[PDB]
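Asks: Following this message is one structure expressed as structure tokens.
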Amino acid sequence: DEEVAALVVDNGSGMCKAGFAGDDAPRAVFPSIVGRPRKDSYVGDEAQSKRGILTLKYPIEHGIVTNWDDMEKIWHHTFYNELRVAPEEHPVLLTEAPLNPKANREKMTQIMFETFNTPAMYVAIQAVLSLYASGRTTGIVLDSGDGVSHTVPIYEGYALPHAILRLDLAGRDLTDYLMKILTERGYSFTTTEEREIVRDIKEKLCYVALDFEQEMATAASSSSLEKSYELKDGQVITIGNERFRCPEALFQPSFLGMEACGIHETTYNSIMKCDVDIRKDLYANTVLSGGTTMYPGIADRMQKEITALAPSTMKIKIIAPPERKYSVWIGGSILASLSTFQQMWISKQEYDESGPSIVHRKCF
Ligand SMILES: Nc1ncnc2c1ncn2[C@@H]1O[C@H](COP(=O)(O)OP(=O)(O)O)[C@@H](O)[C@H]1O
């Protein structure tokens with residue numbers, strides 16, 4: 001091979017995924033955190049491990065970069081610590097959130113070429129990459145991560161900004177809600193350490209009920225839905241209706257005091273904002289992505305809820321890839337490996353010729 005490996009870096013609100021184009025999975029995943037004492041800067045797992053003696057910062061808390069100084073440190077960490085490569089020696093494909101401000105796109109571009117001296121780079125919308133990973137160029141993606149969720153209609157490879165909806169309800173909120181209802185049950189999960197334990201309980205024992213009320217009735221009259229969970233100190237606790245009550249908040253945000261529409265309604269509203277001529281393509285190609293869409297039963301629940309909102313004559317299909325937790329990264333690996341994509345990279349030459357603003361033309 002003549003070309004060096006290209007890098008794929010998925011910038012997540014909670015976890016960053018990094019690896020090499022062509023691979024089937026990211027080589028590294030770490031917390032999008034930077035910490036400094038209350039070694040001068042700590043990034044990733046280490047910052048989390050030593051959070052006791054540090055003040056943590058979340059530079060991309062809700063999907064959008066808010067502090068470029070710390071984001072630069074996360075990227076430095078990604079190259080030198082996680083992937084152990086020199087960025088000046090590899091093209092880099094970066095991901096961005098839907099509705100990312102134009103100025104931010106230019107900033108990312110300038111930093112890659114001027115700070116890291118990348119030989120080439122490109123930036124793609126997360127939702128679009130997930131759609132690519134599913135083998136489609138048209139459809140609507142419901143991306144629910146750690147600090148944010150989005151419904152992104154995509155037609156022929158292009159996201160439709162006017163129809164994109166943002167929901168400030170995701171994995172983080174669900175974890176805290178589970179801590180709250182488990183505490184109401186009689187336990188006590190309130191500390192940061194306990195938040196990590198509940199996050200684990202959430203990822204392992206929660207599920208989306210097909211019918212909330214029926215599930216609540218079953219849990220109230222029997223122990224058939226109860227599951228045991230063992231804490232590190234040996235204590236075994238019981239999780240009952242909390243298993244499905246937690247993710248139910250995605251469909252009924254009021255449980256969290258939020259007036260926002262649930263994910264099914266948000267998906268429907270996005271589709272309705274698109275040209276009537278492509279709505280059927282979206283209904284027939286609703287793809288789920290992100291860690292928060294991993295709950296067992298979520299696909300069937302979405303199918304049921306969307307069917308209730310859409311015309312009776314509409315064909316509804318929910319696609320839930322088993323590997324959807326990393327579909328963004330995988331889509332990037334696929335894209336960066338495409339023969340026709342090689343001409344699309346922004347080269348250092350092109351950057352020197354046109355400057356940061358070239359990103360709008362090259363990465364439309
Ligand atoms: N199996 C699972 N069930 C439910 N939630 C999960 C599961 N696996 C991961 N999560 C949650 O998904 C979120 C992270 O997903 P991700 O798409 O990586 O987000 P981001 O890109 O914003 O960091 C976290 O809140 C995590 O707890």
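Identifiers in the structure tokens: chain A, B, ... in order shown; residue index from 1 per chain; ligand index from 1 in order shown.
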Go through segment 115-301 of chain A and collect every residue that DSSP, computed from the backbone, puts in alpha helix (DSSP H); the answer should be as an MDAnalysis selection string.
Replies: chainID A and resid 126:133 171:185 192:205 212:221 242:248 263:272 279:283 298:301
Asks: Taking C-alpha atoms for each residue, export the selection above as a CSV table (one decimal), in the first residue's frame.
Replies:
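Result file again15.csv:
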```csv
chain,number,residue,atom,x,y,z
A,126,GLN,CA,-22.3,12.0,12.8
A,127,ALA,CA,-25.9,11.0,11.8
A,128,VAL,CA,-24.9,10.8,8.2
A,129,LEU,CA,-22.0,8.4,8.9
A,130,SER,CA,-24.4,6.1,10.9
A,131,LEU,CA,-26.8,6.1,7.9
A,132,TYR,CA,-23.9,5.1,5.6
A,133,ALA,CA,-23.0,2.3,8.0
A,171,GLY,CA,-28.1,8.9,28.4
A,172,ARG,CA,-26.9,11.2,31.1
A,173,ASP,CA,-30.4,12.3,32.1
A,174,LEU,CA,-31.6,8.6,32.1
A,175,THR,CA,-28.7,7.6,34.4
A,176,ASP,CA,-29.6,10.4,36.9
A,177,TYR,CA,-33.3,9.5,36.7
A,178,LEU,CA,-32.5,5.9,37.5
A,179,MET,CA,-30.5,7.0,40.5
A,180,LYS,CA,-33.5,9.0,41.6
A,181,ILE,CA,-36.1,6.2,41.3
A,182,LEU,CA,-33.9,3.6,42.8
A,183,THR,CA,-33.4,6.0,45.8
A,184,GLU,CA,-37.2,6.4,46.0
A,185,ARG,CA,-37.4,2.6,46.1
A,192,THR,CA,-20.6,10.5,41.7
A,193,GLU,CA,-19.2,7.1,42.5
A,194,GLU,CA,-22.8,5.8,42.8
A,195,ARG,CA,-23.7,7.4,39.5
A,196,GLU,CA,-21.1,5.2,37.8
A,197,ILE,CA,-22.7,2.1,39.4
A,198,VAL,CA,-26.2,3.1,38.3
A,199,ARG,CA,-24.9,3.8,34.8
A,200,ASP,CA,-23.8,0.2,34.7
A,201,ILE,CA,-27.2,-1.1,36.1
A,202,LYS,CA,-28.8,1.0,33.4
A,203,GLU,CA,-26.8,-0.4,30.5
A,204,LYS,CA,-27.2,-4.0,31.8
A,205,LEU,CA,-30.7,-4.4,33.1
A,212,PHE,CA,-45.9,1.1,29.9
A,213,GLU,CA,-49.1,0.5,31.8
A,214,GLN,CA,-49.3,-3.2,31.2
A,215,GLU,CA,-45.7,-3.5,32.3
A,216,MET,CA,-46.3,-1.5,35.4
A,217,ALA,CA,-49.3,-3.7,36.3
A,218,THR,CA,-47.2,-6.9,35.8
A,219,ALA,CA,-44.4,-5.5,38.1
A,220,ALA,CA,-47.0,-4.4,40.7
A,221,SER,CA,-48.6,-7.8,41.0
A,242,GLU,CA,-37.2,0.8,37.4
A,243,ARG,CA,-35.8,-1.4,34.6
A,244,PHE,CA,-38.3,0.0,32.1
A,245,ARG,CA,-39.4,3.2,33.9
A,246,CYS,CA,-36.0,4.6,33.3
A,247,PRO,CA,-35.9,4.5,29.5
A,248,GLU,CA,-39.6,5.3,29.4
A,263,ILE,CA,-38.3,10.5,20.7
A,264,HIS,CA,-41.1,9.0,18.6
A,265,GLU,CA,-42.9,12.4,18.3
A,266,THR,CA,-39.7,14.2,17.6
A,267,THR,CA,-38.8,11.7,14.8
A,268,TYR,CA,-42.3,12.2,13.4
A,269,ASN,CA,-42.1,16.0,13.6
A,270,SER,CA,-38.7,16.0,11.7
A,271,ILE,CA,-40.2,13.9,8.9
A,272,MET,CA,-43.2,16.3,8.7
A,279,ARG,CA,-41.4,11.4,3.8
A,280,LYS,CA,-42.3,7.9,2.8
A,281,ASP,CA,-38.6,7.2,2.2
A,282,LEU,CA,-37.9,8.4,5.8
A,283,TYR,CA,-40.7,6.4,7.3
A,298,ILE,CA,-36.7,0.1,21.8
A,299,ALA,CA,-37.1,-0.8,18.1
A,300,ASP,CA,-40.5,-2.5,18.5
A,301,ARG,CA,-41.7,0.4,20.7
```
Asks: Write out, as JSON lines, each residue of chain A that has an atom at most 10 Å from ligand 1, together with the closest pair of atoms and their distance in Å to one decimal, counting only C-alpha atoms and all ligand atoms, rows going by chain and rising number.
Replies:
```
{"residue": "A:10", "atom": "CA", "partner": "ligand 1", "partner_atom_place_in_ligand_line": "21 (O)", "distance": 7.7}
{"residue": "A:11", "atom": "CA", "partner": "ligand 1", "partner_atom_place_in_ligand_line": "21 (O)", "distance": 6.9}
{"residue": "A:12", "atom": "CA", "partner": "ligand 1", "partner_atom_place_in_ligand_line": "21 (O)", "distance": 3.6}
{"residue": "A:13", "atom": "CA", "partner": "ligand 1", "partner_atom_place_in_ligand_line": "22 (O)", "distance": 3.9}
{"residue": "A:14", "atom": "CA", "partner": "ligand 1", "partner_atom_place_in_ligand_line": "23 (O)", "distance": 3.3}
{"residue": "A:15", "atom": "CA", "partner": "ligand 1", "partner_atom_place_in_ligand_line": "23 (O)", "distance": 3.9}
{"residue": "A:16", "atom": "CA", "partner": "ligand 1", "partner_atom_place_in_ligand_line": "23 (O)", "distance": 6.4}
{"residue": "A:17", "atom": "CA", "partner": "ligand 1", "partner_atom_place_in_ligand_line": "18 (O)", "distance": 8.0}
{"residue": "A:29", "atom": "CA", "partner": "ligand 1", "partner_atom_place_in_ligand_line": "18 (O)", "distance": 8.9}
{"residue": "A:30", "atom": "CA", "partner": "ligand 1", "partner_atom_place_in_ligand_line": "23 (O)", "distance": 9.2}
{"residue": "A:31", "atom": "CA", "partner": "ligand 1", "partner_atom_place_in_ligand_line": "23 (O)", "distance": 7.8}
{"residue": "A:32", "atom": "CA", "partner": "ligand 1", "partner_atom_place_in_ligand_line": "23 (O)", "distance": 7.6}
{"residue": "A:60", "atom": "CA", "partner": "ligand 1", "partner_atom_place_in_ligand_line": "22 (O)", "distance": 8.9}
{"residue": "A:61", "atom": "CA", "partner": "ligand 1", "partner_atom_place_in_ligand_line": "22 (O)", "distance": 8.1}
{"residue": "A:62", "atom": "CA", "partner": "ligand 1", "partner_atom_place_in_ligand_line": "22 (O)", "distance": 7.3}
{"residue": "A:63", "atom": "CA", "partner": "ligand 1", "partner_atom_place_in_ligand_line": "22 (O)", "distance": 6.4}
{"residue": "A:97", "atom": "CA", "partner": "ligand 1", "partner_atom_place_in_ligand_line": "21 (O)", "distance": 9.3}
{"residue": "A:126", "atom": "CA", "partner": "ligand 1", "partner_atom_place_in_ligand_line": "21 (O)", "distance": 8.9}
{"residue": "A:143", "atom": "CA", "partner": "ligand 1", "partner_atom_place_in_ligand_line": "17 (O)", "distance": 7.4}
{"residue": "A:144", "atom": "CA", "partner": "ligand 1", "partner_atom_place_in_ligand_line": "17 (O)", "distance": 6.1}
{"residue": "A:145", "atom": "CA", "partner": "ligand 1", "partner_atom_place_in_ligand_line": "19 (O)", "distance": 3.2}
{"residue": "A:146", "atom": "CA", "partner": "ligand 1", "partner_atom_place_in_ligand_line": "25 (O)", "distance": 3.9}
{"residue": "A:147", "atom": "CA", "partner": "ligand 1", "partner_atom_place_in_ligand_line": "22 (O)", "distance": 5.3}
{"residue": "A:148", "atom": "CA", "partner": "ligand 1", "partner_atom_place_in_ligand_line": "22 (O)", "distance": 6.2}
{"residue": "A:149", "atom": "CA", "partner": "ligand 1", "partner_atom_place_in_ligand_line": "22 (O)", "distance": 8.0}
{"residue": "A:170", "atom": "CA", "partner": "ligand 1", "partner_atom_place_in_ligand_line": "25 (O)", "distance": 6.6}
{"residue": "A:171", "atom": "CA", "partner": "ligand 1", "partner_atom_place_in_ligand_line": "25 (O)", "distance": 3.2}
{"residue": "A:172", "atom": "CA", "partner": "ligand 1", "partner_atom_place_in_ligand_line": "25 (O)", "distance": 4.9}
{"residue": "A:173", "atom": "CA", "partner": "ligand 1", "partner_atom_place_in_ligand_line": "25 (O)", "distance": 7.9}
{"residue": "A:174", "atom": "CA", "partner": "ligand 1", "partner_atom_place_in_ligand_line": "25 (O)", "distance": 7.4}
{"residue": "A:175", "atom": "CA", "partner": "ligand 1", "partner_atom_place_in_ligand_line": "27 (O)", "distance": 6.9}
{"residue": "A:176", "atom": "CA", "partner": "ligand 1", "partner_atom_place_in_ligand_line": "25 (O)", "distance": 10.0}
{"residue": "A:196", "atom": "CA", "partner": "ligand 1", "partner_atom_place_in_ligand_line": "27 (O)", "distance": 9.0}
{"residue": "A:198", "atom": "CA", "partner": "ligand 1", "partner_atom_place_in_ligand_line": "27 (O)", "distance": 9.2}
{"residue": "A:199", "atom": "CA", "partner": "ligand 1", "partner_atom_place_in_ligand_line": "27 (O)", "distance": 5.5}
{"residue": "A:200", "atom": "CA", "partner": "ligand 1", "partner_atom_place_in_ligand_line": "27 (O)", "distance": 7.2}
{"residue": "A:201", "atom": "CA", "partner": "ligand 1", "partner_atom_place_in_ligand_line": "3 (N)", "distance": 9.1}
{"residue": "A:202", "atom": "CA", "partner": "ligand 1", "partner_atom_place_in_ligand_line": "4 (C)", "distance": 6.0}
{"residue": "A:203", "atom": "CA", "partner": "ligand 1", "partner_atom_place_in_ligand_line": "3 (N)", "distance": 3.8}
{"residue": "A:204", "atom": "CA", "partner": "ligand 1", "partner_atom_place_in_ligand_line": "1 (N)", "distance": 6.2}
{"residue": "A:205", "atom": "CA", "partner": "ligand 1", "partner_atom_place_in_ligand_line": "3 (N)", "distance": 8.2}
{"residue": "A:206", "atom": "CA", "partner": "ligand 1", "partner_atom_place_in_ligand_line": "3 (N)", "distance": 6.9}
{"residue": "A:207", "atom": "CA", "partner": "ligand 1", "partner_atom_place_in_ligand_line": "3 (N)", "distance": 7.8}
{"residue": "A:208", "atom": "CA", "partner": "ligand 1", "partner_atom_place_in_ligand_line": "4 (C)", "distance": 9.9}
{"residue": "A:246", "atom": "CA", "partner": "ligand 1", "partner_atom_place_in_ligand_line": "4 (C)", "distance": 10.0}
{"residue": "A:247", "atom": "CA", "partner": "ligand 1", "partner_atom_place_in_ligand_line": "4 (C)", "distance": 8.2}
{"residue": "A:289", "atom": "CA", "partner": "ligand 1", "partner_atom_place_in_ligand_line": "17 (O)", "distance": 7.1}
{"residue": "A:290", "atom": "CA", "partner": "ligand 1", "partner_atom_place_in_ligand_line": "17 (O)", "distance": 3.5}
{"residue": "A:291", "atom": "CA", "partner": "ligand 1", "partner_atom_place_in_ligand_line": "12 (O)", "distance": 3.2}
{"residue": "A:292", "atom": "CA", "partner": "ligand 1", "partner_atom_place_in_ligand_line": "5 (N)", "distance": 4.2}
{"residue": "A:293", "atom": "CA", "partner": "ligand 1", "partner_atom_place_in_ligand_line": "4 (C)", "distance": 6.5}
{"residue": "A:294", "atom": "CA", "partner": "ligand 1", "partner_atom_place_in_ligand_line": "3 (N)", "distance": 4.4}
{"residue": "A:295", "atom": "CA", "partner": "ligand 1", "partner_atom_place_in_ligand_line": "3 (N)", "distance": 4.6}
{"residue": "A:296", "atom": "CA", "partner": "ligand 1", "partner_atom_place_in_ligand_line": "3 (N)", "distance": 7.6}
{"residue": "A:324", "atom": "CA", "partner": "ligand 1", "partner_atom_place_in_ligand_line": "17 (O)", "distance": 8.5}
{"residue": "A:325", "atom": "CA", "partner": "ligand 1", "partner_atom_place_in_ligand_line": "17 (O)", "distance": 5.8}
{"residue": "A:326", "atom": "CA", "partner": "ligand 1", "partner_atom_place_in_ligand_line": "17 (O)", "distance": 7.2}
{"residue": "A:327", "atom": "CA", "partner": "ligand 1", "partner_atom_place_in_ligand_line": "17 (O)", "distance": 9.0}
{"residue": "A:328", "atom": "CA", "partner": "ligand 1", "partner_atom_place_in_ligand_line": "17 (O)", "distance": 8.4}
{"residue": "A:329", "atom": "CA", "partner": "ligand 1", "partner_atom_place_in_ligand_line": "21 (O)", "distance": 9.8}
```
Asks: Please provide the set of residues having any atom within 7 Å of residue 240 of chain A, restricted to only C-alpha atoms, with same-chain residues fewer than 5 positions apart removed, written as a list in words.
Replies: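 In the requested form, the answer reads residues 219, 225, 226 and 227 of chain A.
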Asks: Include N, CA and C atoms and write out the residues we just selected as a CSV table (one decimal), in the first residue's frame.
Replies:
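Saved file again-v4.csv follows:
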```
chain,number,residue,atom,x,y,z
A,219,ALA,N,-45.4,-5.7,37.0
A,219,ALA,CA,-44.4,-5.5,38.1
A,219,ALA,C,-45.1,-5.3,39.5
A,225,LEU,N,-40.6,-9.6,36.7
A,225,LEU,CA,-39.7,-8.6,36.0
A,225,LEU,C,-38.5,-8.2,36.8
A,226,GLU,N,-38.4,-8.7,38.0
A,226,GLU,CA,-37.3,-8.3,38.9
A,226,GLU,C,-36.0,-9.0,38.5
A,227,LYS,N,-34.9,-8.2,38.6
A,227,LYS,CA,-33.6,-8.7,38.3
A,227,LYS,C,-32.6,-8.3,39.5
```
Asks: Determine, counting only C-alpha atoms, which protein, DNA and RNA residues have an atom within 10 Å of an atom of residue 90 of chain A; residues of the same chain fewer than 4 positions away are not included. Present the result as a list in words.
Replies: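 The neighbour list is residues 3, 4, 5, 6, 7, 20, 85, 86, 117, 118, 119, 120 and 121 of chain A.
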Asks: If we count only C-alpha atoms and set the cut-off at 8 Å, which residues sit around residue 249 of chain A, ignoring sequence neighbours fewer than 5 positions away in its own chain? Please answer as a VMD selection string.
Replies: chain A and resid 174 254 to 256 262
Asks: So which residues touch segment 137-142 of chain A within 6 Å, counting only C-alpha atoms, skipping near sequence neighbours fewer than 6 positions away, as a ChimeraX atom specification?
Replies: /A:150-157,282,285-288
Asks: Dump N, CA and C atoms for the selected residues as an mmCIF file, in the first residue's frame?
Replies:
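Okay, selection26.cif is ready:
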```cif
data_model
loop_
_atom_site.group_PDB
_atom_site.id
_atom_site.type_symbol
_atom_site.label_atom_id
_atom_site.label_comp_id
_atom_site.auth_asym_id
_atom_site.auth_seq_id
_atom_site.Cartn_x
_atom_site.Cartn_y
_atom_site.Cartn_z
ATOM 1 N N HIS A 150 -30.603 13.653 18.634
ATOM 2 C CA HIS A 150 -31.022 14.364 17.430
ATOM 3 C C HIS A 150 -31.814 13.453 16.497
ATOM 4 N N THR A 151 -32.735 14.049 15.744
ATOM 5 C CA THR A 151 -33.477 13.324 14.721
ATOM 6 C C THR A 151 -32.992 14.060 13.478
ATOM 7 N N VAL A 152 -32.317 13.324 12.599
ATOM 8 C CA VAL A 152 -31.717 13.899 11.404
ATOM 9 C C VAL A 152 -32.172 13.297 10.081
ATOM 10 N N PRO A 153 -33.037 14.007 9.345
ATOM 11 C CA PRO A 153 -33.506 13.496 8.052
ATOM 12 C C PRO A 153 -32.358 13.680 7.061
ATOM 13 N N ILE A 154 -32.081 12.643 6.276
ATOM 14 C CA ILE A 154 -31.000 12.672 5.300
ATOM 15 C C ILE A 154 -31.520 12.185 3.952
ATOM 16 N N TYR A 155 -31.253 12.952 2.903
ATOM 17 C CA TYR A 155 -31.705 12.575 1.571
ATOM 18 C C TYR A 155 -30.541 12.608 0.582
ATOM 19 N N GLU A 156 -30.239 11.453 -0.005
ATOM 20 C CA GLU A 156 -29.157 11.336 -0.974
ATOM 21 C C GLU A 156 -27.812 11.751 -0.391
ATOM 22 N N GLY A 157 -27.585 11.406 0.874
ATOM 23 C CA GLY A 157 -26.330 11.735 1.523
ATOM 24 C C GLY A 157 -26.267 13.100 2.181
ATOM 25 N N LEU A 282 -38.339 8.294 4.381
ATOM 26 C CA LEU A 282 -37.883 8.443 5.760
ATOM 27 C C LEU A 282 -38.604 7.455 6.678
ATOM 28 N N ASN A 285 -37.262 4.136 6.373
ATOM 29 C CA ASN A 285 -35.844 4.051 6.703
ATOM 30 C C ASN A 285 -35.454 4.870 7.931
ATOM 31 N N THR A 286 -36.083 4.553 9.058
ATOM 32 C CA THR A 286 -35.798 5.228 10.313
ATOM 33 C C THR A 286 -34.751 4.370 11.013
ATOM 34 N N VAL A 287 -33.537 4.906 11.090
ATOM 35 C CA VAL A 287 -32.396 4.211 11.677
ATOM 36 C C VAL A 287 -32.009 4.717 13.064
ATOM 37 N N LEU A 288 -31.790 3.787 13.989
ATOM 38 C CA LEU A 288 -31.403 4.139 15.351
ATOM 39 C C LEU A 288 -29.886 4.061 15.501
#
```
Asks: Please determine, counting only C-alpha atoms, which residue among A:343, A:303, A:337, A:72 has the shortest atom-to-atom distance to residue 107 of chain A.
Replies: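 Looking at the shortest contact to residue 107 of chain A, the residue is A:72.
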Asks: For residue 136 of chain A, which of A:284, A:276, A:231, A:108 is the closest residue, counting only C-alpha atoms?
Replies: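 For residue 136 of chain A, the nearest of the given residues is A:284.
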Asks: Can you measure atom CA of residue 161 of chain A to atom CA of residue 273 of chain A for me? One decimal in Å is fine.
Replies: 10.2 Å
